[PDB]
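These notes concern the structure reproduced below.
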Amino acid sequence: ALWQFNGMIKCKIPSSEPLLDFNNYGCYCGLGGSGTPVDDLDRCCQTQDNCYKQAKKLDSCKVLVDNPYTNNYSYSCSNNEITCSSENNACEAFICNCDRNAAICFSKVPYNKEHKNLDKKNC
Ligand SMILES: [Ca+2]
């Protein structure tokens with residue numbers, strides 16, 4: 001979950017401190033999400049939100065109250081690449097992949113310092 005996701009982002013964007021730079025970005029980067037994403041970074045977050053939401057409709061994820069933000073999985077970072085571990089059971093493997101996709105997206109889009117701390121009246 002989170003602790004793991006923060007590391008995935010640091011794996012790809014080494015200079016970052018994720019919970020500081022990507023927290024409260026746009027309408028999607030943070031808890032919840034509503035409106036239209038303000039940019040590509042925000043669209044990344046929207047997508048991940050939809051993935052988590054999707055992890056929910058899976059029989060494999062039904063029995064894990066811990067929640068994906070805190071549903072712990074195994075992965076690795078070796079020379080800036082993320083690898084989800086085969087040892088992850090069905091649900092965690094799916095959440096892992098959602099987080100890998102997002103950390104990769106984040107590293108491929110521009111950061112607009114105009115959208116952090118964005119007021120939720122724009123969503
Ligand atoms: Ca979100």
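Values quoted throughout were computed directly from the atomic coordinates according to the rules given, and no laboratory measurement underlies them. Cβ placement follows ideal geometry from the backbone for every residue including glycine, while neighbour counts extend to all protein chains displayed.
Taking first residues from segment 37-48 that are acidic (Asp, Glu) and partners that are in a loop (DSSP other than H, G, I, E, B) and within 12 Å of the ligand (Cβ to nearest atom), the Cβ contacts under 9 Å between residues at least 6 apart in sequence or on separate chains come to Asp39/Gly26; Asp42/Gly26; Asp42/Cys27; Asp42/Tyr28; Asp42/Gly33.
Could you tell me whether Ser76 is closer than 26 Å to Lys113 by Cβ and more than 10 Å from the ligand (Cβ to nearest atom)?
Numbers: closer than 26 Å to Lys113 by Cβ: no; more than 10 Å from the ligand (Cβ to nearest atom): yes.
No; evaluated as a whole, the condition is false for this residue.
Of all residues in segment 56-76, those satisfying the criterion of being more than 13 Å from the chain's Cα centre (by Cα) and under 18 Å from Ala103 (Cα atoms) are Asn72, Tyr73, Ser74, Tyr75, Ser76. Checking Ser60, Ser107, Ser86, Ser76 one by one, the residue that is among the hydroxyl-bearing types (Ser, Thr, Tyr), within 15 Å of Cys11 (Cβ to Cβ) and without any contact (Cβ under 8 Å) to a residue 60 or more places away in the chain is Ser76 and no other.
Here is a list: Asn50, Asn71, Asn24, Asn67. Which entry is touching a helix residue (DSSP H, G or I) at 6+ places or on another chain (Cβ under 6 Å) and within 16 Å of the ligand (Cβ to nearest atom)? Walk me through it before giving the result.
On the way: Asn50 fails: touching a helix residue (DSSP H, G or I) at 6+ places or on another chain (Cβ under 6 Å); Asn24 fails: touching a helix residue (DSSP H, G or I) at 6+ places or on another chain (Cβ under 6 Å); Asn67 fails: touching a helix residue (DSSP H, G or I) at 6+ places or on another chain (Cβ under 6 Å).
One residue alone meets the criteria, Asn71.
Could you tell me how many of the residues in segment 88-104 are aliphatic (A, V, I, L, M) and surrounded by fewer than 21 Cβ atoms within 10 Å (Cβ to Cβ)? Give the derivation first.
Our first condition is that a residue be aliphatic (A, V, I, L, M); within segment 88-104, this holds for 90, 93, 95, 102-104.
From the residues that got through so far, the ones that are surrounded by fewer than 21 Cβ atoms within 10 Å (Cβ to Cβ) too are 90, 93, 104.
Going through segment 88-104 one residue at a time, the tally reaches 3.
For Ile13, the criteria (1) more than 16 Å from the ligand (Cβ to nearest atom); (2) of a type in the set (A, V, I, L, M, F, W, C); (3) free of Cβ contacts under 8 Å to residues at least 60 places away in the same chain hold in every case but one, which is (3). Scanning segment 1-53 for residues that are crowded, with 19+ Cβ neighbours inside 10 Å and among the aromatic types (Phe, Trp, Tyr) turns up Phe5, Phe22, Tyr25, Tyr28, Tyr52.
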